[PDB]
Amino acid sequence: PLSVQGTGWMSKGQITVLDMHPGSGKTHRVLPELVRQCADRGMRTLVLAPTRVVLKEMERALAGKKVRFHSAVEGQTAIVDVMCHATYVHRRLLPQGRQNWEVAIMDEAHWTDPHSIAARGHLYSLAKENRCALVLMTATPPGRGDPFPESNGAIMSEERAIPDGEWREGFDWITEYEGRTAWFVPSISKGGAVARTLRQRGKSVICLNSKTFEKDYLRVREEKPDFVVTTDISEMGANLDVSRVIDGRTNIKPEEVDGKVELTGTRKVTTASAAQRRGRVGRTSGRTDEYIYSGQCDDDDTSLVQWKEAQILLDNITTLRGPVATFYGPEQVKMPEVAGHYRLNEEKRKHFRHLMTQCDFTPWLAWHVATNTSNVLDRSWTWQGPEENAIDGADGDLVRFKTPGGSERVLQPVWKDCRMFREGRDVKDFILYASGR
């Protein structure tokens, strides 16, 4: 790529967007050569991988005394640091983890996870302040997008009715297909239903989502399943080795409604997501791959809570001093409040980070708890909410738990986040924290 030829991309203040179409080799070949160019020249470099899977891939033939790796971490002891998007945010929530680099390279910089938005927002702000060089690598950069970008090989894109979960008759083209398929679903619940029918038809299935990706994605090339039923987690560099993509073009849609994070209905994916889902196939020029979709894209995702959670993380990995931080360029329009609105002190920030790393709290719930609570062992907010926030158990009844002293309470949080009781998270897990374990 022309922009990264020579050394000009290394100067402080330079922002390089490596937006090559999928299959160009940006992750496994262009990035390691960028890292090795930074390493043999003694420049402090930060490399951000989307997930731990890709981190260990990035590791191969790079780690040593030159490149120092991190699995969220908190250890201090190395000019090139390679870590995940969330690990970068989590380390900057610490006083001991606010180190800076003169060159920063972020792979899959399109990820709309709040940690990724805050990570590229902070690095973009540092680059705009002439304090580091920034390289963003993604086939779908933030901005205007094409749902059908170029591929290395031909893709047959055809609109078809796609089952909304299980199906009993019809949709024969699904099971007749000779080859492996990647089926994108809006949620884990929908993916479970799709997987039931597929296994009933005698097909091998591997389900990929936010909780199973780090462990099960490795089994895809090993076992070569007929179908990979995945959420949007596979839009960030996953090589599923399939010849057909089935894409309902929908996604779950966490929104803050009436001070509560709701999980109702689905939204049409953005043009960037559909391009990334379609980008799973056509990766080279041999055969003709298939992209079966349904519906049109919707780029207006401003109402999603991920943008508020991104500013929540960005405000707490930055400091009141100096210039105000922003989201990456075009995404700044979606910052819901003025920056710094969610900044907490060092004491509340440790509680804020503890709820996320040790209690699996969402950034939204972790912030609301940390900013209104004074004692980290106090759990009274979990049962002092309004009657509308009462949580039902697996049997549909009220969730009753005993505090360590003997008192019986009903799960009723002041701040209700529906993501804590479904989509990978179990209501039992919230009870362990509520009951004081």
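When you see a residue number, it is the position in the sequence shown, counting from 1.
According to the entry, how many residues of the deposited sequence fall between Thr77 and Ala78 and are not modelled? Options: none, 1 to 3, 4 to 9, 10 or more.
Per the deposited record, the segment joining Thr77 and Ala78 lacks coordinates for 1 to 3 residues.
Do any residues of the deposited sequence lie unmodelled between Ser294 and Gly295, and which range holds their number: none, 1 to 3, 4 to 9, or 10 or more?
Gap size class: none, per the record.
Would you tell me which stretch averages the higher CA B-factor in the PDB entry, 117-125 or 331-339?
Taking the mean B-factor of the alpha carbons in each, 331-339 is higher.
Averaging CA B factors per stretch from the PDB record, which one is higher: 99-107 or 182-190?
Between 99-107 and 182-190, it is 99-107.
Per the PDB entry, which option out of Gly202, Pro163, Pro149, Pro142 has the greatest Cα B factor?
That would be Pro142.
Of the options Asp241, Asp301, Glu159, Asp258, which has the highest CA B factor as deposited?
Among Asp241, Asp301, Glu159, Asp258, the PDB entry lists the largest C-alpha B-factor for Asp258.
Among the chain's modelled residues, which third holds the C-alpha B-factor of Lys224?
According to the entry, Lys224 has a C-alpha B-factor in the chain's middle third.
Compare the C-alpha B factor of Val245 with those of the other modelled residues in its chain, then answer lowest, middle or highest third.
CA B-factor rank for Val245: lowest third.
Please place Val47 in the lowest, middle or highest third of its chain by C-alpha B factor as given in the entry.
Lowest third - that is where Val47 ends up once the chain's C-alpha B-factors are sorted.
Would you check the entry's CA temperature factor for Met20 and let me know if it's in the chain's lowest, middle or highest third?
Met20: CA B-factor falls in the highest third of its chain.
Per the entry's values, where does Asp216 land by CA temperature factor relative to the rest of its chain, in the lowest, middle or highest third?
As the PDB entry reports it, the C-alpha B-factor of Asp216 lands in the middle third of its chain.
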